[PDB]
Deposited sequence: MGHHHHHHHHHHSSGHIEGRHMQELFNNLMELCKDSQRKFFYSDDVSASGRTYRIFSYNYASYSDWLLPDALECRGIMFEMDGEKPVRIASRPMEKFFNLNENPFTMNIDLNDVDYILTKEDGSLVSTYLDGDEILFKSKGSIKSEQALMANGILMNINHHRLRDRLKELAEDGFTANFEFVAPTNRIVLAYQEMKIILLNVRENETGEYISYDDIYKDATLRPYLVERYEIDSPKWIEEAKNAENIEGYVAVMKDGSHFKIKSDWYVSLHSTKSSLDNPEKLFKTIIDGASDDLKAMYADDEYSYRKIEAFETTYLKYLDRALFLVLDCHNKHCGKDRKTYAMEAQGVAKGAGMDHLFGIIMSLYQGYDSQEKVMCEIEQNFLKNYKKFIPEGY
């Protein structure tokens, strides 16, 4: 049930502050919501219970009690061959593949009598309030009424918000929302693509689908231009993504595998999952990216512990924050501990830049 699921997620947000976290917002109606998301996480983190559902799922709260799963976006999923989840796939068990739109996730939720969108991490993000604007206009009144009845039966409708102002790599003419999928809020079951298609009000918005008969579609997609790629939907309802080399080479920093300050840049932007799957045919470059990956996560772990723990507990702290920084070799994390005296997020921004400058120290041994 839901209470079980809410607990498993709360557990994750205690393990470390850059693995899993949450955040509470309040809505216009005055209701209280809690969003479970994530910042960084390695394959083992994703083995923790229900860790794969800690990407924007949102609970309406009552104090510290979940009352309902107000919004259910997709589970975390990975690129093919990115890690042990997505290696040894029977490509013959791909049901079909879906165009991958380049934009931002927005997911429905009911707030009293109002059907609204939340971005991945917030119900007040720019994308959230614009998506809201879009849904309340007269052109989307048929769809708004259908998503409102879906919410009321407790489903979550998931859209990719695209726009020329919100351009990531691909270039979209108009601002619009594209219906990706629909999820039952409690069980997380997906509505079948064919049911969404039968609704002629939803059919206009629904992401294009392609049938496949040979795994040759992956080579074609890897070698295509001006597309991000595809989301493959398995016969069991799980999903794996295939991005084009073209997209990945444009979404990473330039010369990533050559300049180690570039590779680390790729990692601090969360783009090294696409890169790793791009070099999955190259055992050396594949396992090298994992090295630099672990390095930066090992660091973050240590760093974030020391910075926040110290600042949990006056010139006392000043001299005491020096014992943590110098005691761990990184005197860079001293002005960082000055933050909790000044103001808090804004922090994680600073730990990154400070890593790239001393970066030469952390470069894995043998690389």
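- Unmodelled segments of the deposited chain, in sequence order: 1-20, 334-338, 370-372.
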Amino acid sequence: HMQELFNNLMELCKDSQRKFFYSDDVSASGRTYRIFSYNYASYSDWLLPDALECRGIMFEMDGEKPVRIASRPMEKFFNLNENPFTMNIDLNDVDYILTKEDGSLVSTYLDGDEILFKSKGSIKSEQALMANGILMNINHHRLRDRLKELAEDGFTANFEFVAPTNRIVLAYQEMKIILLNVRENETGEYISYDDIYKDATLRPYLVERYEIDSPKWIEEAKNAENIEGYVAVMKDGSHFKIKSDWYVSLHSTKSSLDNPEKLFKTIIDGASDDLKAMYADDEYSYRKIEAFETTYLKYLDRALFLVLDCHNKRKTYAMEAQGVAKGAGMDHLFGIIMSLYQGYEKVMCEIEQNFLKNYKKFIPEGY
From here on, numbers count along this sequence of modelled residues.
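- Looking at mean Cα B-factors across 249-257 and 125-133, the upper value is held by 249-257.
- For the segment pair 271-279 and 206-214, the entry gives 271-279 the higher mean B-factor, averaged over Cα atoms.
- When the C-alpha B factors of 265, 239, 142, 148 are read from the deposited coordinates, the top value falls at 265.
- The PDB entry gives the largest Cα B-factor of the residues 35, 47, 321, 69 to 321.
- Annotation for residue 79: CA B-factor lies in the lowest third of the chain's modelled residues.
- Residue 172: CA B factor in the middle third of modelled residues in this chain (values from the PDB entry).
- Sorting the modelled residues of the chain by their CA temperature factor places residue 163 in the middle third.
- Residue-level temperature factors show residue 102 in the lowest third of its chain, judged at the C-alpha atom.
- Among the modelled residues of its chain, residue 230 has a C-alpha B-factor that falls in the lowest third according to the deposited record.
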